[PDB]
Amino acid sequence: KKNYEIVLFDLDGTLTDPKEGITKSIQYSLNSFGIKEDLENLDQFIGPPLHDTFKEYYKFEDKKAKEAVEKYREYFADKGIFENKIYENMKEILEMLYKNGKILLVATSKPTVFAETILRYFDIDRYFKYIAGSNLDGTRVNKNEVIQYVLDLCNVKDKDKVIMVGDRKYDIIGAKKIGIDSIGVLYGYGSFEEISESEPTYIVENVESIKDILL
């Protein structure tokens, strides 16, 4: 069994669930064009780019598609950003890791400002040394790039004591490009099919099981 000293976490689907704010932001946008939808029917739009949702599903023209994105962003910045749910038991495991002296980092494709806002909202920002996401109104940053960035801040030499925790293949692919171990979680947005096919170092069903691998 290996002793990991640096643990990286993705945000959405790993630490916190953004379902409420994302679906409500889409609903608000659709409403702006007179389209009524139940939030349950918008869950499937958590993940793909908004362009695909408005263009491929709602068949909005390129111009109407940008107006839809603007309305989404308006609601998200105002209220959507505060509509997240922390996964049950995550605060406890972060506290346990931190108290054992592990360095905890966030490496996410979500904009940094949003990641920091959310971690601050749940009073868990304090457990992370560095938090790295993408730029607001910028290009979505790839996972290997944000993982490398955050390790470089720690001036890491022994990459064997580093591990990435995430709920999507993108987290595992990122980890493999960097040459670090990974935990693929199943309680987020990645299916067992997806996670198992990405071949992470470990697979966990729930938050509590993270303890068994890291401690």
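Residues carry their position along the shown sequence, with the first being 1.
In this entry, 135-143 has the higher mean Cα B-factor, the comparison being between 76-84 and 135-143. Set 8-16 against 192-200 and average the Cα temperature factors; 192-200 ends up higher. Sorting 172, 35, 185, 180 by the CA temperature factor given in the entry leaves 35 at the top. The entry assigns its greatest Cα B factor, within the set 165, 46, 39, 150, to 39.
Among all modelled residues in this chain, the alpha-carbon of residue 129 has a temperature factor (C-alpha) in the lowest third.
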